[PDB]
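Below you'll find only one chain, the form deposited in one PDB entry, shown as structure tokens.
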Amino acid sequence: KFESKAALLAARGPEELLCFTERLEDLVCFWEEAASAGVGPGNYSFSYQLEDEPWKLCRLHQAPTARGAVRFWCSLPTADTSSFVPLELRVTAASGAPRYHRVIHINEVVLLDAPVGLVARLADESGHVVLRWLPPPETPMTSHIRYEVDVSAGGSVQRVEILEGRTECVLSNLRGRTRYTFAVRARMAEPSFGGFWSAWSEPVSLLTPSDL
């Protein structure tokens, strides 16, 4: 709820034709603008050329936004989501005037689903905190995904980077007799892939041993 209201008060800049792929066989592009009665998805044409093949259309949808703005989005059909060719995108106001131009590569705009099954335990010997987790559901090329872990003290900024492929993390500099909340996020790795960090996964809290 807090984060909800936190978003409402935020500050956005200029509108952008934003695009992303969740699994490497889809693509959703969108943008947002203010309302205007008589302005529905039919007013815009989202066309897209793709590696010398003919331009094609994408049916635009309209959805409401918590901040009172409307967003228009198109999701490309599976067959047109090749991961390494220059997809050109074009959007025009029925009045002829162009709204956006953007040439992207699907592999360059990855935004995965957050990781799952984050579980936490203490190492049998040391007693340190050992973190394990599984990669985002139904997503390919797992060994190419790097992560980042956030460690909060029930403190200060502590975020551990995790070499791509590895879904385990053992922490050792933690105070004893303390509750720590962890949460991990994912990202496609270079150089083949590029994109954005995912949302955080459901968190887990855990006490540390009395003395270490």
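Residue numbers run from 1 along the displayed sequence. Whichever C-alpha set is largest while still superposing within 1.5 Å between the two forms counts as the rigid core.
One more form of this protein exists, namely the form deposited in another entry; it is left out here, but the text below deals with it.
Participant: Does residue 116 show a Cα shift reaching 2 Å between this form and the one not shown after rigid-core superposition?
Facilitator: No, its C-alpha moves less than 2 Å.
Participant: Given a core-based superposition, decide whether the C-alpha of residue 67 shifts by 2 Å or more between this form and the one not shown.
Facilitator: The answer is yes, as the C-alpha of residue 67 shifts between this form and the one not shown by 2 Å or more after core alignment.
Participant: Aligning on the core only, does the CA of residue 85 end up 2 angstroms or more away between this form and the one not shown?
Facilitator: Yes: residue 85 shifts by at least 2 Å between this form and the one not shown.
Participant: Once you compare with this form, do the C-alpha atoms of residue 146 and residue 6 lie closer or farther in that other deposited form, given a change of 3 Å or more?
Facilitator: Between the C-alphas of residue 6 and residue 146, the gap narrows in that other deposited form (3 Å or more compared with this form).
Participant: Regarding residue 147 and residue 83, go with closer or farther for their CA spacing in that other deposited form versus this form, the difference being 3 Å or more.
Facilitator: Relative to the shown form, the pair is farther apart.
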